[PDB]
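To convert, take the position in the sequence shown, counting from 1, and add 2; that gives the entry's author numbering. For each residue, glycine too, the CB sits at the ideal point set by N, CA and C.
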Amino acid sequence: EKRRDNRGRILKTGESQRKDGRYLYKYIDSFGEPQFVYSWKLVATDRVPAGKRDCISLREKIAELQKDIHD
């Protein structure tokens, strides 16, 4: 079991890349409802396509959302 993106980075379970390149992950907030996040960056060192504004990487978004909206 070793899935990779259209480039070559191994993404973990839950993450997903669309044909457009934007990544997609899912997490649960302190409300118990399912919530999905989007990002043109998998890690903080990635770079968004020319013309696209900066975005929070999933690893950074997941850490901040789960560590903040879940103590």
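Query raised in the report: Quick one: what's got a C-beta closer than 8 Å to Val50's C-beta in the same chain, skipping five residues either side?
Result: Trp42, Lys43, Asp56, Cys57
Query - Assigned secondary structure, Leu60 (DSSP; H/G/I helix, E/B strand, else coil) - result: helix
Report task. Assuming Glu17 and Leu67 form a contact by the criterion Cβ under 8 Å, report the distance between their Cβ atoms to the nearest whole angstrom. Result -> Contact flag wrong, Cβ pair sits at about 14 Å.
**Report entry** Supposed contact pair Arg20 and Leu13 - C-beta distance, whole angstroms, cut 8 Å
**Finding:** At roughly 12 Å, the Cβ-Cβ gap does not stay under 8 Å, so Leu13 and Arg20 are not in contact.
Query raised in the report: Leaving out five residues before and five after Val39 in sequence, what residues of the same chain have Cβ atoms less than 8 Å from its Cβ?
Result: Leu26, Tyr27, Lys28, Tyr29, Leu60, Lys63, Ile64, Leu67
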